[PDB]
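The structure tokens that follow cover one protein chain in two forms, given apart as structure 1 and structure 2.
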Structure 1
């Protein structure tokens, strides 16, 4: 606790779902934290209402797509920042402007923050963790091949051009190219910068919000999947959603281990606990919250098993490297849905 509080951690996109959980666990370990936010309203909310700690401060970085967006942060604080967790990237399916709104901010946000480290903190930052995604390991078009296999070594095969069929496949591409850019940065700057890099690459991230916001009927994208199911009417049509799941608090823990442990240097950490279709989620919600039974859809129990749909995922290497057991779906669903209901 004494050694940790000598260390300042910079976290991009501090107001987001995953980043708040990261910052929560950083403050639990007595680290000092600087987070970037896009507005004073968001920054004040974090410092005044959520963390309430002298170990948390914020800075405004309005748009990560911008040339030199992170230069003022590292000019001011570069001498004190030993760890950088770059988590900020647009996750939104509501745009048709795939390059302007997804691909370019993802890539230039990642290139930009690393260039700013080189410019103002080349010998000060020891460790960087980039939040990548399962999307960087597979395109949407290769996610549902039961005869394939995804591992830490798998890369999304899409091109800048062909991922632009729709906002989901384009967002998947944005993660791929941004992660590629982070490793390429070290490829060309091995002798210019001290920091070592690792990436945390999650599947769909569920779990409780770090802080309930009274008037938010729309959560972040991954969390809004469960929010929708809880509020569907019994006869409503079912969304189509299928992937791996992982709990947000396991994601936060993995980000912190990824800068503390030396065996995680240079690793792509594939964070994944189990497979789901919407039926998997409906079965779990109905089972664990019987007060929703007959109020939300039941789907067709016994149908649409994710094993018969999705490409298998082998992340046994990541599990051994991290050395902790991931929360299972029943835990995730209990913690997530109970918080929604309590609000």
Structure 2
């Protein structure tokens, strides 16, 4: 029955999306992904996924509100599930409303309007990839006396998130997700689909695919960065929650399969980290790197002493599977990096 179900995945080349599609194909779903070019789609179909159940459509700019109209006109009677993972390109700008906020909101509104136009009674489930940033501003992320849950919202306004590039990016995620819930509320009787959102913290984990022989490109930066720093190199400053990419992918799939996930914001978060946390874990699990990478200041910079606590009890109860912990993430991520460089 899964092969009788077509799932549309926007932004199919992405880090999260590739794991979603791998998992979907492993469950014998029919998948149409959207890609920015024929060469990317072909590389995906024939070098990465290698499946007759993966098709692709070209969608170049999700800031265009009509970007998904051709897809749903062509396939509007077949797509039962939409996993909307695509985000606008993030680039340096000082015009945050024009270059960040408006494209992010249109990036959500567009595909929903396409569904309303061409597939209102066919699409049964939509899952939108959102962000921890819809739950908190950057300015509210470092309050050890507060608490963030799935019902928390980033409190910034359209105007005050524009003070700086990271805060504006956080605001773009907030307003993009708000647009999804607002669309659903305004169209409750016009469209059939049920909506959930998957809202991840900082994403760690192994690449779905590595092409060998290459400098290795990795989709989550900080672990690969630390692995390649020398002993005396100055340390980056990075603190957030962490979540494995494969758990995010699995959550998206449950979020269209399971009726208990309907209408929920799912906070995809396994634990807190600072760079010290990562160094401690990497040094412990990879003897070959001790004395080669930084040690940092073990015991300093505990994330509990810096970050607003995150309580995602609801999400963990509803998803019903155990998130990978930091040790597993570091083992899988670092061993993939080291083996790939060994092979090249």
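Only the largest set of C-alpha atoms that superpose within 1.5 Å between the two forms is called the rigid core. Residues that one form lacks are left out of the comparison. Numbering follows the first chain given and starts at 1.
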Hey, after the core superposition between structure 1 and structure 2, which of 99, 152, 126, 180 has the C-alpha moving 2 angstroms or more? 99
Core-superposed comparison between structure 1 and structure 2, residue 90 Cα displacement 2 Å or beyond: yes
After superposing the rigid core, is the C-alpha displacement of residue 75 2 Å or more between structure 1 and structure 2? no
Comparing between structure 1 and structure 2 on the rigid core, is the C-alpha shift at residue 166 2 Å or larger? yes
Per-residue CA shift, residue 16 (Å; core superposed between structure 1 and structure 2): 0.4
Regions shifting between structure 1 and structure 2, defined as 3+ consecutive residues whose CA atoms all move 2 Å or more relative to the core: 90 to 105, 164 to 167, 213 to 216, 218 to 222
